[PDB]
Amino acid sequence: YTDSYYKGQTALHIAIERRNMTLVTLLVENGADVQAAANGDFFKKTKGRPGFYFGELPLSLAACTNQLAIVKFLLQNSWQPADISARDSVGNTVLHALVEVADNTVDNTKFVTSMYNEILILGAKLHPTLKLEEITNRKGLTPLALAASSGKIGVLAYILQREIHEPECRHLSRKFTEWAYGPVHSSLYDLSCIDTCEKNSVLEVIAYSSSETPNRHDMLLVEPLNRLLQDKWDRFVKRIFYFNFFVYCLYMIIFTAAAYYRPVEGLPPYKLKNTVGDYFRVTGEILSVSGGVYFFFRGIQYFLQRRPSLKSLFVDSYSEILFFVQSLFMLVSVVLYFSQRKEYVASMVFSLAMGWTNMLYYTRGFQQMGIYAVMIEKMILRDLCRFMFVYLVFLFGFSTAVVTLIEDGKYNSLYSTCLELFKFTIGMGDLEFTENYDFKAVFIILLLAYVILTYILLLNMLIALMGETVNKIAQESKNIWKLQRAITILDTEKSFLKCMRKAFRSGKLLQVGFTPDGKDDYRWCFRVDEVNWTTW
Amino acid sequence: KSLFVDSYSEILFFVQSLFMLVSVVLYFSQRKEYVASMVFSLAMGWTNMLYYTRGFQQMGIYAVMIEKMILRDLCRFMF
Amino acid sequence: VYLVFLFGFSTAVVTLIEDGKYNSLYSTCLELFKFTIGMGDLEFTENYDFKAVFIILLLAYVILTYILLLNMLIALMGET
Amino acid sequence: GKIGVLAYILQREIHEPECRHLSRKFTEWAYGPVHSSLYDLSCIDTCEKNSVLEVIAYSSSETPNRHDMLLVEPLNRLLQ
Ligand SMILES: C=C(C)[C@]12C[C@@H](C)[C@@]34O[C@](Cc5ccccc5)(O[C@@H]1[C@@H]3C=C(COC(=O)Cc1ccc(O)c(OC)c1)C[C@]1(O)C(=O)C(C)=C[C@@H]41)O2
Ligand SMILES: CCCCCCCCCCCCC(=O)O[C@@H](COC(=O)CCC)COP(=O)(O)O[C@H]1[C@H](O)[C@@H](O)[C@@H](O)[C@@H](O)[C@@H]1O
C-alpha cells in the first residue's frame, strides 16, 4: 500500500494476519521482504483513531498474535531469515512490542510471557553474543524499563523471576538457586537495572510513575522489589529518615518559638534590642527563613525533574505541593516584613499552620499511621469536597432566606447570618438568635428545615459515606504505604549529601561463571532464602 | 400516583414557582406576607441547584444518594 | 493526628492574637479544643487585626478536625 | 421492562446467507484481536412514535427494570 493509512502493508503481513502458514511459507520462498515495515497510520497507537500497533514488522506481528510457528519460521527460514534485533520507527524490537500488547489479563499475559521466553531462547540459539534485553527504543527504554513504566505487572513479574532450566540458556535467567538443603534453599535475584543503572532503574521508573500507570501500587509487591526495599530501609534509610523527621521537628519548634514571641509594635522591620531574648528571636527567624528557602528550592527541583503535565502536577505528589505552599507563605511573609507591612503576620501564621500539618507527611513509613494519613488525603479530595459543595449550597440558600426575612436587626447581613447558621453544624446553633422579624413561624420553619437537611441528614450521611470509602480503600492504602517507602528510599539514596557508596547493596556474587564465552558473570545479586515442604 | 412517587424535581421547581407567584399576588395585594412567601421560594431555589448535579458523574450519584436517604432513612427516623 | 492539628492551629491563632485576654498557648489550645466537644465559641476574641485571617483559620480548623477527623475516626472504628 | 429480550435484540447477529439482513449488529472489519462492530440504531435514536430511549426514559415508573435497561451496550454508548 502507498496510502498513508495502510502504508507498508504487503502480502506477508496479510498472510500472517490470516494465520495461513502455507501462504507465509510461499511468500518468503518467493522473496518477500521479511523486514518490510508496515508504518501506516492504521498500524500506530493513535488513540484518536482506530488501529493496531504491533511494531510494524512481520516477526513482531507473529509474536503479538501467538503464532509461534511463524516466528520460528521467520527467524530460521532458508531464503531470508528475519533480523531478531530489528527496530521499528519508534525503535521498538519484538520484545518491546510484546511488552506493549500486555494488559495484565491471564490469557494475554500467559502467552505474552511464554512468547517472550521463547524469543529469548531462540535469540540465544542464533546470536549468543546478542543481548536483546539491553536494546532501547527511541525513549531509551529497555523491555524491562518499558514494562515497569507502563505498569505491565504480569510481564514484569515474569522477567524479575525468570529462571531457565536448560544448558546454554542458564545465562538468560535472573533468578538462580545457589545452594539447596532439603525444604530450604537460597535463591539469588540478579538486580541489574533494578537497584541502579544509567537512566531507567526499575525502582526509579515505578516510584516516579505519572500516577496513571495501572498497577503502580501493585508492582512493588513483586518479591525481589519488596525485599530489596525492606533491606534498603533497614540498613541505610531508616536511621536517616528518623533523623530527617527529628530535624524537621526541631525546625517547627524553632519556627513556633520565633513566631510566638514576635514584637507587637507597628511598622516592621523591628530594631534589634541588645538583650538575650531578642538575639534568640532573630536567630530563630533566620533559621525559619532558611528552612523556607530550602523547601522552596526543593519544590522547584521536584517540578523540573519530574515535569508533571499540569494534571499529574496536582493529582499526585500532594505532599510536595503542600510543602511548596508552606515555603511560598514563608517567602511572602519575608517580603511583606521587609516591605514595612504588618500583613506579613497574616502570611506567617498560615505557613506555621501548614508546617505543623505537614508533620503528617512523616507518618508514612509507619504501617499503621501512614494508612491513616493516606485515607485523610483521599477523603479530602473526594468526599469532603462533594460534601462541602452540597453543604455550602444549603447553607447559602437558607442564609439568604433568613437574612431576607430579618429586617433592621443586629444580624441583618449575609456574613452574620451565614456564621450563625454555621454554628448549627458545630453543635452551637442558638435557634432563637434574633426576634427582629415578622412571621416567627416562617423563621422557625426555615431553621428547622435547615437543621434537618444539614445537621441530621447530611452529616450522618457523610459519616456513612466515609465508612463506605474506608471499607474500599484499606488495601489500596496498604500498597500506597509501600509505595511511599520506595519513594523515600530512592530520594534518600539519590540525595545522600556525602558521596556514600555503602547504599549499593547485595554484594557482587558470581552467578554461573560460564557466559556464552569462557568469561564469568558477576551481577550484584540479592539473596533470598525460602522454605518449601513439597517437591522434595 | 406517578405524579408523586416519581419526578420530584418537576414538583420542586413547580412549587418554587408557585411560591413566587403567591408572593407576587400578596405583594400587589398590599400584604406584607409576600415576604413569607418569597423567602420560601428563595430557599427552595437554592436547594434546587442540586438538580444540576446530574451531568457530573461524581456529584450526580451524590445527589441521588441524598434523594434516597431522604425518602427512606430520614422519613423513618423523623417519624 | 488530632494533637498535631490542634497544636498547629493553636500556635497559629495565638501568634495572631496580641495583647488579649487569651494571648497564651494554654488558653488558646483549650479554646480550640472546645470545638471538638461541641462548645466552640467561634468568636471568642476580637483582640487582633485581620478578622479574615482569624476566621479563616478557625473555619479551616473546624472543617479539618470536627468534620473530617471525627467522622473518619468513626469510620475507622467501624472497620476495626 | 423485558430487559432480556431487548438485550438480545439490540445486539442480534445472524451468520448465514439470506439472513444477514435481519441482524442488527455487524462486524465491518476485524484485523487482529481488534474489530469494529456496527449497531443498527433503527428506532433507538428516533422513530415514528416509540423510540426505545423515549419509551424507557418516559416509562411510568412501574416498569420493573427501567433503571437497568440503559445498561444495554449500544444504548449506554449512544447516550454518552
Ligand atoms: C489541598 C490544598 C493544597 C490545601 C492546602 C492548604 C491551604 C490547606 O487548605 C486546603 C483547602 C482547605 C482548607 C480547609 C478545609 C478544606 C480544604 O486544603 C489543603 C490544605 C489542607 C490541609 C490538609 O492537611 C494535610 O494535608 C495533612 C497531610 C496529609 C498527607 C500528606 O501526604 C501531607 O503532606 C504534607 C500532608 C492542611 C492545610 O494545609 C493547613 O494546615 C492550612 C492552614 C490550610 C490547609 O488547600
Ligand atoms: C423548604 C425547602 C425544603 C427542601 C426539600 C428538598 C430537599 C432536596 C432538594 C434537592 C433537589 C433535588 C431534586 O430536585 O430532586 C431529587 C431529589 O428529590 C427529593 O429527594 C425530594 C424529596 C422530598 C431527585 O429528583 P428526580 O427528578 O431526579 O426524581 C427521580 C426521577 O427523575 C427518576 O426518573 C427516578 O424515578 C428516581 O427514582 C426519581 O427520584
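Following Swiss-Prot, chain C shows residues 583-603, 627-685, kept in their order.
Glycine too: its Cβ is placed from the backbone N, Cα and C atoms.
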_Under Swiss-Prot, the annotation motif 'Selectivity filter' belongs to which of these stretches: C:592-595, C:639-642, C:643-646?_
C:643-646
*asked:* Same chain only, please: residues at least 6 beyond the ends of the topological domain 'Extracellular' (C:650-657) with a C-beta under 8 Å from a C-beta of the stretch. Say none if there are none.
replied: 598-603, 627-628
*Report the DSSP secondary-structure composition of the motif 'Selectivity filter' (C:643-646) as helix, strand and coil residue counts.*
0 helix, 0 strand, 4 coil
*Tell me the Cβ neighbour count for C:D646 (Ca(2+) binding site), meaning other Cβ atoms within 10 Å of its Cβ, over all protein chains shown.*
13
*Counting across all protein chains shown, how many other Cβ atoms sit within 10 Å of the Cβ of C:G643 (Na(+) 1 binding site)?*
10
